[PDB]
Structure formats: C-alpha cells, structure tokens
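Engineer: Here it is: the structure, laid out below.
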Protein chains: 4
Amino acid sequence: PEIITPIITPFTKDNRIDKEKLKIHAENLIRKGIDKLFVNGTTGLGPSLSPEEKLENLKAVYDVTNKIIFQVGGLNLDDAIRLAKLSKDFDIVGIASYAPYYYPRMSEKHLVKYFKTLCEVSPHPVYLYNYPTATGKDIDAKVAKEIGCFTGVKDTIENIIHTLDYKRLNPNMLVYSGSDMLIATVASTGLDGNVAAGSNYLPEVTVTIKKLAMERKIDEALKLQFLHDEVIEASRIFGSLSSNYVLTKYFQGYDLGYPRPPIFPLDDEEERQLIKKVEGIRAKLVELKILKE
Amino acid sequence: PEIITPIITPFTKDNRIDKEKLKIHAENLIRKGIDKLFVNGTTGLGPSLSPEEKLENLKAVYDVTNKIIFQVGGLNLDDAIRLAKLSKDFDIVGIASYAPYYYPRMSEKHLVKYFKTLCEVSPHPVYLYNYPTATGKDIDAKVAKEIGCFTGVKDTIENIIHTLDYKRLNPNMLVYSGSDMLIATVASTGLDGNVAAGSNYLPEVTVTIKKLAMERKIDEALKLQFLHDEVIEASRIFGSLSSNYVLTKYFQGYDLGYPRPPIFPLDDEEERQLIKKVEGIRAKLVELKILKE
Amino acid sequence: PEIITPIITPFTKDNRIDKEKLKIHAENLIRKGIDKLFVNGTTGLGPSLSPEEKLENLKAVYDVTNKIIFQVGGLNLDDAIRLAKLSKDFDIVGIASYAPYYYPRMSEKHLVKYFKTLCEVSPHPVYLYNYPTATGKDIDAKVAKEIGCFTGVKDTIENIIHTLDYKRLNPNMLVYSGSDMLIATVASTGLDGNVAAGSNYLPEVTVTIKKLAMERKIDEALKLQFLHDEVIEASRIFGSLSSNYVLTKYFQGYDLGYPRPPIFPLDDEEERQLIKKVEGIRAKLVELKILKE
Amino acid sequence: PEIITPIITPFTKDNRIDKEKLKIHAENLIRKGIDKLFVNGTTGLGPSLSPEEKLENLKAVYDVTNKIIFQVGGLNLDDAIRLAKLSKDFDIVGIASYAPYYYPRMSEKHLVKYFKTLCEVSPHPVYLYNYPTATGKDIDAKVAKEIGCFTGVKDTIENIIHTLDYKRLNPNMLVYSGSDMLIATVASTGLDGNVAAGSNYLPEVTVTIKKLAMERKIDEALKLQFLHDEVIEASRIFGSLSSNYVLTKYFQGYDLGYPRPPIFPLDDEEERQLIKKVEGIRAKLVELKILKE
Ligand SMILES: *[C@H](C[C@@H](O)[C@H](O)CO)C(=O)O
Ligand SMILES: *[C@H](C[C@@H](O)[C@H](O)CO)C(=O)O
Ligand SMILES: *[C@H](C[C@@H](O)[C@H](O)CO)C(=O)O
Ligand SMILES: *[C@H](C[C@@H](O)[C@H](O)CO)C(=O)O
C-alpha cells in the first residue's frame, strides 16, 4: 500500500498561490518517502480554487514530481472537462473528482452522468474522491461499479465497511482510505493505502506506520498510529484545515503561508495552545528516532 | 408576510446566462405579485456561478426591478466582499450570504467572522441565508444574535421551531421560511413569509395561499397549500432544480433555457412524465380561477 | 384544538407507582382546563413500566377521569394485545402505541403488521404515537394511511411539514404535535392541538397560548409561547424527564415523587439551579395573572 | 482474537423461551469452535425479554457451557441490579449492559451513573455493549475510561476508528467489534475479535475468516469475509433478526422455533426467497470445503 499526501495549498497574504512554498513542501514530502501527491483535494482547499488556480497548482507541483493525482471537480462541468483535457500534457498518475457538492438530493442518474462525462474526456485514469460529509452525497461501491470507469477511489468516511465494499464489488479498483487514523488498519487489512492529510506535517510517521504494519509488527504499528491520532485530534481543536499549516511549520520547519478565508489562519493564542498539545508528542517522536528534531 | 422568489438563472445552450430570458421571468414574477426576488440563491444555482456571473444576474434583474436581495457568498471571501461593495450602486433591498459550504466542522468563531466581515463592508442590509443541509452547518438564532447585524433571515430547514427561534431571540429581524410547503403556516403563525422555489413557476398559487391565510381562511389556505405540495413533490421525482425549468415553461408559458450541468436538464421523456404528474393539478387550478388557460 | 397532557408517572421512594400523587396531579390538570390525558407516554416513562404498571397507571388516572388515551406499546406484542383487550372495561378516549423501539432496520411490512394487529384487537379508537428520535423509525402520513385504522396521531418530530402531511393524506385524522413550542403555531395552522409535556407543570400557560391563538391574537399568543419556550429550555439543562418533576412541584405546589432510574432525580444543587432559571418567569406569569401564587 | 456468538433466543409457538432448542444451538456453537456466548444481546432479542426471561436464558445456556457473557440491562435499574447480583452463583465470564435505550438526550452524568451502579454490584467482570443506532447513545472510548470499570466492550458501529479508540484510551480493555463484516479486518488490526450475529448460522465461516486472518492470509480471509457479507446482506432483505432463524435452520440443520413479534417470523414465501438468495453461496462454501454436502 501507499501513503498519498493531499497537498496543502500555501497562499500569500494577498491570497494568491505561493508557488515557491508549494514546491519546497512537495519536494520535502517526496524525499521523506510519500508515494504520490493529491492536488486540489480538501486539504488543498480545492473547492476554494478557481479552475485557473487548480491548474496553477498542478503546474507547480509538476515542476517537482510527476507522481500526481490532479483533482478537477466542481459545479461547472465545462470547467472540469477543460481541466481534464488540459492534463493531457502532463505525465501524471490520474485525475480525480469529488461529487458535485452543495445541492442536496441530486439524482443517481445525474451523478453517474457527471462522472461518466469526466471519464469520457479524461486522458488519464480517473479516481473517485468520495466524501459524503463534505459533498452531501455518497457514491458507494455499487454506484462506482455502475459508473464503471474508475481506476481508484479515495473514500473519506467514518465506516471502513463502506471502504472494503469498493474492493468487494470492484476487485481491480485501487481502494484508499481518506483517514490518517487508519494507516495501520488499512495496511493490515489488504486495502491499497491512505490519502492522509497528516502526512503533510508528519510524513515520517505515516510512512513508518505503514512500514511497521507491512512487516506485521501490528502492536508497534498501533503504538505509533495512536500517537499520530493524538496529533490529528489536536489539529481538530481549532479547525484542522487551518491547523495543518501550523503543524507543518512546527514539524517540518518551513512555512506554508496562509489558508484562504473563510478558512482563517490560527491566531497567536490558538497557535500556542496547539503547540502545547503536541510538543510532548514531538519529544517522543525524536526519542523514537522518527523525527531528527 | 411576503412571497420572495429565489429566481432561477436561465442558461443558454453554450452555458452562459440568458440575460433576456431572465428579465422576462423577473418581470412576470413581479407583475404576478411576488414581493422581492432573491438572486443567486440555491434555486438560481448561485454556488455554480463565478463572482462575475453573480454580478451579471444582479445587473439583469435590476433592469426590471430594484426589489432585490443579492446573494454574494462563496469560498473566496475576497470575492464576496468585492460583490458586497459593488452592490453600492444598486438601490436594492439587501445583500445575502449562505454559510461557507463544503468544508465540515468549521468553528463557530470562523463562521461568525465570515459573516461579520460581510456586514462590515456591506452598503445595504444583510440577510442570513441559513441552509444546513446544503452548507453542512447551522447558523441558528443564537449564532445569528451573536453575529448581530442581520436585518433578516431565510431559514431552509423543515423545523419551524428553529425558524420561530429567530423571531424569539431577534424580535426586530425579518424571518422567512425557505419552504414552499409552509406558506399557509408561516402566514398563520406570525412570521414574515417564504422564499419559495415553487413561486418561480406558480407565483399565483403562492401569493393566493398567503392571502387566504392572512384573511384567516385557513381551511381554504391549506387546501391550496396541499395542492401546491403535490407540485413540489412532482418536481422532486427527477430532481427539483432541473424540474423547475420545465415547470416554469409549462405553467408560465415561456422557457428559461437550460440549467448548468451537473444540474442536467430533464430529457424529453422525463419532461413528458413530469407534465403528466402535474396536468390534473393545472386543471384544478384553472377551475379555481387561480390560473387561466 | 386541544391540549393533551402526557402525564408524569410519580414513583415512590421505593420505586413503585405513587397512585395517590398521580390522582392529585390528574385532578389538578383536568381542573386547569387540560382536554385529555395521555398515559404511559414518554413523559410518563412508558417504556420503563412493565405491562402491569402500565395497567395500574390507567386504573389510577381513571379514578379521576375518563378523558384518557392509554398507551400500551412495547416489544412483546402479546403484552400489548393483552393491555389493549383489558382497556375494554374502561370508558376511555382511545389506546395508543409508539412503534417498536430499539431494533433498527425493521421492515415496513413488519411495522404495518404490528399496528394492524393492535387495531384488530382494540375495543377503542387507536392513536399512532410517532416519535422517530426515540423509537428509531418513522411511521409517516403515507405509512399511517397504509395502516388505515388510526383515529389520530401524535407526531413528536422537529418538522411541522411532516405533521401537516398527516392532515393532507388523512383528512379525517386527528393530528397533534408532540411539542410544547408549537402550541401557538398548531392552533394557528388548522391542526388539532398538542400533546405537551410542559402542560404537566404549566397547564395554565399551555391553555392560554392555545386560547390566544384561537382568538387570532397571534402576537399575544407568541409572546406567551416564547415565555413557555424558555421554561422548556431550562428543563433540558439537567434532563427534561427528570426536571419535569421539579417544575411541577415548583409551579403547581404538590410533590410528584421521583422518576425511575436510569431517569435519575435531580440533586439539590441541580434543582436549585433549575429554579433559579425559571423564578423570574414564575414572577412574570403571576404579575400577568396567568398563575395565581 | 475470538468469535463470540450473540446467541438467538428460540421461542415456542406460544411465545415462551424454548430451552431445549437453545441448549442444542448453544452446544453446536461451542462444538464448532465459537469461543463464548453473549446471552440476551440484540440478536437474542434481549430488549424483548423480561428480567425473568433473561435469567431463564442464562440458566439454560449455563447447562451447556460456562463461557457466557450475560447481558442484563434495561430501563428499570433495580431489575438490572437484581440480574447482576443473581449471576453470582454462575461461574461465567462476565455480565454486560447496553446503555439505557429509547429516551433521547440522557446526560453523560446519568449514563455514567447507570453503568457505575451496575459495576458496584457486579460479582463478575463487566462488559460495555455499545450500540449507538439501537440505543440512541454513544458510550465512546473516553466515556468508557471515565466509567472506569469495564473489562471489555462490544462496539456495534461501522466506524472502526471508534472501536480502535477503546484500545487507544484503555490499553487493558478487551475490544470487540459487533460487526460480521469486520471479522477479517478486526483480526488483522490487533483487536480482540467480534461478537457476530452471523456466527449463529455460519459459525464455521466466522471462525475460519478469523483463523485465516491470524495466519496473515489476508486475501484468502477477505474472499471468505466477502462471501459471508453476501449472506448478511441476504438476511437483511426481509429483516435480519427474523431471517437469522431461517438461516440457522438452513445452514445448521436444526430449527430455532419462532422470534418474538414484533420481530415477526418469515412466512413460507419469504423463507423460499431467502433460501434462493443464499443457495449459491452455500454451494461456494461446499466447494471451499467449509460446509459439507
Ligand atoms: C483528502 C482527505 C479529506 O477527505 C479529509 O477528510 C478532509 O479533512 C483530501 O484532503 O483531499
Ligand atoms: C432559496 C431556497 C432554498 O433553500 C431551496 O432549498 C432550494 O430550492 C434558494 O434557492 O436559495
Ligand atoms: C408525548 C410527548 C413526548 O414525545 C416528549 O418527547 C417527552 O417528554 C409524551 O410525553 O409521551
Ligand atoms: C450483538 C450484535 C448487535 O450489536 C448487532 O448490531 C445487531 O444488529 C447482538 O446481537 O447482541
């Protein structure tokens, strides 16, 4: 199995993509053994990016690596098709899309048509990004089978049964969990990996959890997974999408600029409190020789 | 109380806004007694429109009427602030925003800051558009009170206790329901009216339900409410946002062109089936003299 | 419309039904204008009562009045059938049942069969007690129409559209809301009234809201409704089912003993904090001549 | 890890526990390698049993084996305390209770007091039976740690993150999943096993999935797991609790009498339809040499 980073998008103070900070971060993740980078995902604030910015993201990360899954979805299908066709000049892993978000009670037929249209024009393997809480709908294993053109799925859902069902109904699909908390479990249970937000700031940890679980050192894998869980839980206290910037700076030592409001940056007080929640974790990890310091 | 229409955005064959069809629609709604027009709401596919398109909708409806509430929200706060500021040269009723959508678990603090930021730049009264199912969050009467700058609220939720609470905790706030099914009830219970999708295609019916209920003719109000409910129900069979186009053309006589995919237009068969579902209702309305042939 | 009290079951210090306190409570409620008494409901802890105790409650209240709806439901259909049959000797208004609770994913067919079975043996009219949150399932207007034998429904749900649908699909059904917060609304919108827990402790308030709404004094009805809402809200701080005992003693001046654990009695400090929350409301109601003192 | 059966309670034609059928079934389960029996759980219709019947289930099963976890919970705490104290004369593994069901919004404090009360009187290790969908309450890993006295937990929820958290926050607790679909995953990931309704009718399948998983034959384990998933899905067509009876008779060759209505028995046609849905699975299991014939 693989660890895939849904890469954070660094913004400048005037709310443009900071390409140079993105490249440093992408270069670091690849050097620390991350397999592939999922670009314009939730963690990257994809829904907050215009189609031009989605492409800008791809071009900057492509300067560093071709190991990219390029997320192109949105609520203007013409724009998503355009992005899908534009990726033809990039030798990347795949494109991806979440389901059309916001609008409740879209028909199965319309959802299947949305995705089949993207598969039709795609010059690369297409990945389903299934995220029911964020999008308001579920594209489960049976609807994925019906659409029939997915090379893989990232399933972000608190239900590993649902994730396993993609493998059960679609044995040749790549099946990833969108959860940082399930690296050990996914690797132990025959699933294909994790698209793990926390791999942005602790890539060392997520790679080691997966490696321990593969060696069948499950007790050791769980011990490290449970420490990683505590960092995930701390990030959620003030808002994980904002906190991910602060933790990256903290653990990896470079900054990633700002998020895009209404994803507001943490303020000084929040930042102090987040750091006190994780500094003792940061100490144990150095002690275990997972972090240099 | 008032009936406000969240006006449909008509799109051309090549996916631009049909300004001229929009004006025709807006004019008919106003001539048939609709009090105000909510522009760029859900029914108008506001989340599917770029900022520039949200501005085109306003300019187009503004040619017809100034009775406008202008929805400006999105996931790029700089753009929302820019729209809010641009509305200064339009003598309209107010601007509005739904909560930032897609991203789950945004803190109350961030949500409050988002809306306070809009109020601080707005040259017009601000309306809260609360739609928990679509946006993934709830800006309830308590949180609305804390934000403290709303002139009104549109509450799309089936729970009328929640809606009544806005008036309870904010005695001066204008409080509308986002339901077509609650016109008689809202008018009967001391609330300010309804922002009703179905008033796009049946403005006569929604205005008459309201009038009947105002005259304490609740049995007759409910009878007409219950017929309207059947049309709402029919529009959900193939998807309401798509179905609204077909119903407007059927009941009002002119077309509103296409929705924007992934809100796909009904096909010929679906259109025929939908009409069969509402045929008997159109006949009953004609015979009650609510509609003419 | 009516106010119907789901009457509290007072337990002794040794956890038996206090028959005498129950008779004192029921006499008072009838004296204060309550229309009918709903026995073994949620407020009366019906699910915590054996079938023998559900019969004792009926016997005790029946000393006081024949204006009773006798709730008989549970997870042993043979006991429910036996309670329904034994009600033949009581000249009461009707029997009732919630849907079989606890077990999730019960089929429509099995649910319909449960209610038809009680209707087949009942010597009295049968009321549906619909409470999806408590029981895990919803017996909606269409399912009720299918069952075909209900005289009325108590709908405890946060969605008045759902409650109105009963009236729409079953024009001759008596349709009650299970909320205290919807008394003014229900009476304003042509529904049949409320089965209101809060009428245990403020019967005078619930009757007055209803009367004001009936007289089309909706602003006065709402002012009083909103006051009552605050009491309901206070009652939820330490748990409504427990707090209802304390409020009844405080507002009505007699004791109703204890709830049955695990519905634990409030402790002294909770009771003191509760009263602190509603003491100013009591003063208002006294000043308004709604309560005597 | 272990497979524990939440054993079905067979009822006679006249709705009494059929002790001799229960003993035959219990004996067969143990003989087929099941580790322990969980008595009066959901699958055994514990909420449909009086305290006396719960105790009757214990005595009949105790005739066969002492490998019993005795479920005692209910909405009369005195009756639960009684069952707990009565279990003193049985040399069994532990007692268990689900949370108080039906009543929504019970306070954490009241939930904690309920379990601690049971723990203070228990003469055996106490197991938490956590089942949020059935009971309306979650007793998560943090609330379990707060109660402090649980030797183990059965977590019936699809979200394995939640189940792993028990282990993370209570390293000495036995942690079981209540899912049949997670047997291979649970065993693979360092958890203590599964309390699996489907082990009543296919104990051989569930034990073999676990054994294969333990051997790190994950692909083999998943292939069997996936067949077992199909039987679980088949059982849900007409209602799993009722279907479980028909499936046990079909696969194990003896019958289990009747469930207790409103858990209604499948009729002749439903049984034939259910058999046709699992027939081809049986043949696959025969070909895999899991079953004879
Ligand atoms: C993939 C992971 C997401 O699904 C997280 O659950 C969002 O917090 C991604 O970030 O693109
Ligand atoms: C106004 C009402 C909405 O909340 C409806 O649910 C969509 O039809 C709007 O269109 O924004
Ligand atoms: C009727 C009203 C209920 O549904 C409340 O939720 C419980 O206080 C009743 O008490 O039975
Ligand atoms: C244990 C397993 C349950 O929790 C199932 O979820 C019921 O569907 C049991 O049957 O006691």
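Ordering of the structure tokens sets the chain letters (A, B, ...); residue numbers start at 1 within each chain; ligands are numbered from 1 in the order shown.
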Can you build me a table of chain D residues sitting at most 9 Å from ligand 4, with the closest atom pair per residue and its distance in Å to one decimal, using only C-alpha atoms and all ligand atoms, sorted by chain and residue number, as a Markdown table?
Structural biologist:
| residue | atom | partner | partner_atom_place_in_ligand_line | distance |
| --- | --- | --- | --- | --- |
| D:5 | CA | ligand 4 | 1 (C) | 7.9 |
| D:6 | CA | ligand 4 | 11 (O) | 4.8 |
| D:7 | CA | ligand 4 | 10 (O) | 7.3 |
| D:8 | CA | ligand 4 | 10 (O) | 7.9 |
| D:38 | CA | ligand 4 | 11 (O) | 6.8 |
| D:39 | CA | ligand 4 | 11 (O) | 7.5 |
| D:40 | CA | ligand 4 | 11 (O) | 6.8 |
| D:41 | CA | ligand 4 | 11 (O) | 3.1 |
| D:42 | CA | ligand 4 | 11 (O) | 3.6 |
| D:43 | CA | ligand 4 | 10 (O) | 3.2 |
| D:44 | CA | ligand 4 | 10 (O) | 6.1 |
| D:45 | CA | ligand 4 | 10 (O) | 7.7 |
| D:46 | CA | ligand 4 | 11 (O) | 7.8 |
| D:71 | CA | ligand 4 | 11 (O) | 8.5 |
| D:129 | CA | ligand 4 | 4 (O) | 7.6 |
| D:130 | CA | ligand 4 | 4 (O) | 7.6 |
| D:131 | CA | ligand 4 | 4 (O) | 5.7 |
| D:133 | CA | ligand 4 | 6 (O) | 8.3 |
| D:134 | CA | ligand 4 | 6 (O) | 7.9 |
| D:154 | CA | ligand 4 | 4 (O) | 7.6 |
| D:155 | CA | ligand 4 | 4 (O) | 7.2 |
| D:156 | CA | ligand 4 | 4 (O) | 4.6 |
| D:157 | CA | ligand 4 | 6 (O) | 7.3 |
| D:177 | CA | ligand 4 | 2 (C) | 8.5 |
| D:178 | CA | ligand 4 | 2 (C) | 4.8 |
| D:179 | CA | ligand 4 | 6 (O) | 6.5 |
| D:180 | CA | ligand 4 | 2 (C) | 8.5 |
| D:194 | CA | ligand 4 | 2 (C) | 8.9 |
| D:195 | CA | ligand 4 | 1 (C) | 5.9 |
| D:196 | CA | ligand 4 | 2 (C) | 6.0 |
| D:197 | CA | ligand 4 | 10 (O) | 5.3 |
| D:240 | CA | ligand 4 | 8 (O) | 7.6 |
| D:241 | CA | ligand 4 | 8 (O) | 7.6 |
Engineer: Deliver the residues from the most recent selection as a file, using C-alpha atoms, as a PDB file, in the first residue's frame.
Structural biologist:
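Below is the file selection-v2.pdb, written as the result:
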ATOM      1  CA  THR D   5     -21.938 -15.561  19.339  1.00  0.00           C
ATOM      2  CA  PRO D   6     -24.788 -13.283  20.468  1.00  0.00           C
ATOM      3  CA  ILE D   7     -26.977 -16.321  20.614  1.00  0.00           C
ATOM      4  CA  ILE D   8     -30.569 -16.291  19.244  1.00  0.00           C
ATOM      5  CA  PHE D  38     -23.177 -13.371  24.593  1.00  0.00           C
ATOM      6  CA  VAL D  39     -26.674 -14.001  26.121  1.00  0.00           C
ATOM      7  CA  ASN D  40     -29.639 -11.540  25.905  1.00  0.00           C
ATOM      8  CA  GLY D  41     -27.989  -9.356  23.246  1.00  0.00           C
ATOM      9  CA  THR D  42     -29.756  -7.728  20.345  1.00  0.00           C
ATOM     10  CA  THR D  43     -29.655 -10.907  18.299  1.00  0.00           C
ATOM     11  CA  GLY D  44     -31.193 -12.781  21.209  1.00  0.00           C
ATOM     12  CA  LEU D  45     -33.944 -10.066  21.496  1.00  0.00           C
ATOM     13  CA  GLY D  46     -32.807  -9.122  24.965  1.00  0.00           C
ATOM     14  CA  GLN D  71     -26.433  -9.164  29.209  1.00  0.00           C
ATOM     15  CA  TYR D 129     -22.302  -3.180  24.942  1.00  0.00           C
ATOM     16  CA  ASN D 130     -22.069  -0.017  22.862  1.00  0.00           C
ATOM     17  CA  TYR D 131     -24.736   0.205  20.126  1.00  0.00           C
ATOM     18  CA  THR D 133     -28.049   3.219  16.480  1.00  0.00           C
ATOM     19  CA  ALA D 134     -30.164   0.901  18.674  1.00  0.00           C
ATOM     20  CA  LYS D 154     -18.608  -4.795  22.238  1.00  0.00           C
ATOM     21  CA  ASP D 155     -18.739  -1.909  19.791  1.00  0.00           C
ATOM     22  CA  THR D 156     -21.526  -2.186  17.225  1.00  0.00           C
ATOM     23  CA  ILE D 157     -20.837   0.673  14.876  1.00  0.00           C
ATOM     24  CA  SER D 177     -16.476  -5.265  17.088  1.00  0.00           C
ATOM     25  CA  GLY D 178     -20.185  -6.054  16.817  1.00  0.00           C
ATOM     26  CA  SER D 179     -19.860  -6.465  13.025  1.00  0.00           C
ATOM     27  CA  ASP D 180     -19.921  -9.683  10.998  1.00  0.00           C
ATOM     28  CA  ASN D 194     -16.088  -9.962  17.003  1.00  0.00           C
ATOM     29  CA  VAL D 195     -19.471 -10.631  18.582  1.00  0.00           C
ATOM     30  CA  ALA D 196     -21.047 -11.681  15.276  1.00  0.00           C
ATOM     31  CA  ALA D 197     -24.805 -12.323  14.784  1.00  0.00           C
ATOM     32  CA  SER D 240     -32.147  -9.760   9.818  1.00  0.00           C
ATOM     33  CA  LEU D 241     -33.397 -10.655  13.268  1.00  0.00           C
TER      34      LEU D 241
END
Engineer: Please find the residues of chain C near chain D - the criterion being any atom within 9 Å, counting only C-alpha atoms - and write them as JSON, numbers by chain.
Structural biologist: {"C": [15, 42, 45, 47, 48, 49, 50, 74, 75, 76, 77, 78, 100, 101, 102, 103, 104, 105, 106, 107, 109, 110, 111, 113, 114, 133, 134, 135, 136, 236, 238, 239, 240, 241, 260, 261, 262, 263, 264]}
Engineer: Tell me, which residues of region 139-277 of chain C carry DSSP alpha helix (DSSP H), written as an NGL selection string?
Structural biologist: :C and (141-147 or 160-169 or 183-188 or 203-214 or 218-236 or 240-252 or 268-277)
Engineer: Keeping only C-alpha atoms, write the selected residues as a CSV table (one decimal), in the first residue's frame.
Structural biologist:
chain,number,residue,atom,x,y,z
C,141,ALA,CA,-48.5,10.1,6.8
C,142,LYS,CA,-48.3,7.6,4.0
C,143,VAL,CA,-47.4,4.6,6.2
C,144,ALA,CA,-50.3,5.8,8.5
C,145,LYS,CA,-52.7,5.9,5.5
C,146,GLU,CA,-51.5,2.3,4.6
C,147,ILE,CA,-52.2,1.0,8.1
C,160,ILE,CA,-44.1,20.6,11.1
C,161,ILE,CA,-44.3,19.8,7.3
C,162,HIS,CA,-44.2,16.1,8.3
C,163,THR,CA,-47.1,16.7,10.9
C,164,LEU,CA,-49.2,18.6,8.3
C,165,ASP,CA,-48.8,15.7,5.9
C,166,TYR,CA,-50.9,13.5,8.1
C,167,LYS,CA,-53.8,16.0,7.7
C,168,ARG,CA,-53.1,16.2,3.9
C,169,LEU,CA,-53.1,12.5,3.3
C,183,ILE,CA,-48.9,25.4,20.6
C,184,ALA,CA,-49.4,28.8,19.1
C,185,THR,CA,-48.5,27.5,15.6
C,186,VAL,CA,-50.5,24.4,15.7
C,187,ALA,CA,-53.6,26.3,16.7
C,188,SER,CA,-52.9,29.0,14.0
C,203,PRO,CA,-51.2,23.7,32.2
C,204,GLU,CA,-52.5,27.4,32.6
C,205,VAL,CA,-49.8,28.6,30.2
C,206,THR,CA,-50.5,25.9,27.5
C,207,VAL,CA,-54.2,26.5,27.6
C,208,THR,CA,-53.8,30.3,27.4
C,209,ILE,CA,-51.4,30.1,24.4
C,210,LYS,CA,-54.0,28.0,22.7
C,211,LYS,CA,-56.9,30.3,23.5
C,212,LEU,CA,-55.0,33.4,22.4
C,213,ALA,CA,-54.1,31.7,19.1
C,214,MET,CA,-57.7,30.5,18.6
C,218,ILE,CA,-51.1,35.8,17.3
C,219,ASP,CA,-48.7,38.4,18.6
C,220,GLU,CA,-50.0,37.8,22.2
C,221,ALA,CA,-50.0,34.0,21.7
C,222,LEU,CA,-46.3,34.2,20.6
C,223,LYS,CA,-45.2,36.4,23.4
C,224,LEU,CA,-46.6,33.8,25.8
C,225,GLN,CA,-45.3,30.8,23.6
C,226,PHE,CA,-41.8,32.3,23.8
C,227,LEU,CA,-42.0,32.6,27.5
C,228,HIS,CA,-43.1,29.0,27.8
C,229,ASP,CA,-40.1,28.0,25.4
C,230,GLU,CA,-37.7,29.4,28.0
C,231,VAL,CA,-39.1,27.1,30.6
C,232,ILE,CA,-38.8,24.1,28.2
C,233,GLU,CA,-35.2,25.1,27.6
C,234,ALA,CA,-34.5,25.4,31.3
C,235,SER,CA,-35.9,21.9,31.7
C,236,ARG,CA,-33.4,20.5,29.3
C,240,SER,CA,-36.2,17.2,30.8
C,241,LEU,CA,-37.7,13.9,32.0
C,242,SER,CA,-36.1,14.4,35.4
C,243,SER,CA,-36.7,18.2,35.5
C,244,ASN,CA,-40.4,17.9,34.8
C,245,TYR,CA,-40.9,16.6,38.4
C,246,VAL,CA,-39.2,19.5,40.0
C,247,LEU,CA,-41.0,22.1,37.7
C,248,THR,CA,-44.4,20.6,38.5
C,249,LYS,CA,-43.7,20.9,42.3
C,250,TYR,CA,-42.5,24.4,41.8
C,251,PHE,CA,-45.3,25.7,39.7
C,252,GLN,CA,-48.2,23.6,40.8
C,268,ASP,CA,-30.3,19.6,45.4
C,269,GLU,CA,-27.9,21.8,43.5
C,270,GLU,CA,-29.5,21.0,40.1
C,271,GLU,CA,-32.9,21.6,41.5
C,272,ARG,CA,-31.7,24.9,42.9
C,273,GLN,CA,-30.0,26.0,39.6
C,274,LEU,CA,-33.2,25.0,37.7
C,275,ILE,CA,-35.5,27.1,39.9
C,276,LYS,CA,-33.0,30.0,39.6
C,277,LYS,CA,-33.6,29.7,35.8
Engineer: What is the distance between CA of residue 199 (chain D) and CA of residue 88 (chain D), in Å to one decimal?
Structural biologist: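 Going from CA of residue 199 (chain D) over to CA of residue 88 (chain D), I get 27.8 Å.
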Engineer: Between CA of residue 200 (chain A) and CA of residue 4 (chain A), what is the spacing in Å?
Structural biologist: 9.5 Å
Engineer: Name all residues at most 8 Å from residue 83 (chain A) (count only C-alpha atoms; drop same-chain ones fewer than 6 positions away) and give them as a list in words.
Structural biologist: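 Using only C-alpha atoms, the neighbours found are residues 51, 55 and 72 of chain A.
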